[PDB]
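First comes one chain, alone, set out as structure tokens in the form deposited without the partner chain.
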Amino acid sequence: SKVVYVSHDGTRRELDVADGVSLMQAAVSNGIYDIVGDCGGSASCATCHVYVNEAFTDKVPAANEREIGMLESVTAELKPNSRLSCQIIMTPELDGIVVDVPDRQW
């Protein structure tokens, strides 16, 4: 399924992500270095911070308690649509989703 990553400077990178793969896993495995994933995807580092696009902040599953708590550690600006890319799991229903990577993760 399609996922679009928009960097700080507006550069756009589109990837084909399989079911069950997190947006963080797909990013780091494809050279989208704006996303780090320091903790490995267990929601404990906040270095995979991303701003989910408004056309999907409704679609994607709401943030869990652990994510909510770890989000406070993001170094970039925390917004209403700030999510940890490692918590967004790809499915056909998310096809076309767009997320913007913060100016920084640290």
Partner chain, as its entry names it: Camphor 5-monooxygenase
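Positions refer to the first chain, counted from 1.
Keep in mind that the form deposited with the partner chain bound is missing from the display, and what follows is about it.
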Query raised in the report: Looking at the partner chain in the entry with it bound, do all three of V28, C39 and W106 come within 4.5 Å of it through at least one heavy atom?
Result: yes
Query - the partner chain contact in the entry with it bound: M70, any heavy atom under 4.5 Å - result: yes
Report task. Tell me, yes or no, whether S44 is in contact with the partner chain in the entry with it bound, where a contact means a heavy atom of each within 4.5 Å. Result -> yes
Query raised in the report: Wondering, does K79 line up within 4.5 Å of the partner chain in the entry with it bound on heavy atoms?
Result: no
Query raised in the report: Quick one: is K59 in contact with the partner chain in the entry with it bound, heavy atoms, 4.5 Å cut-off?
Result: no
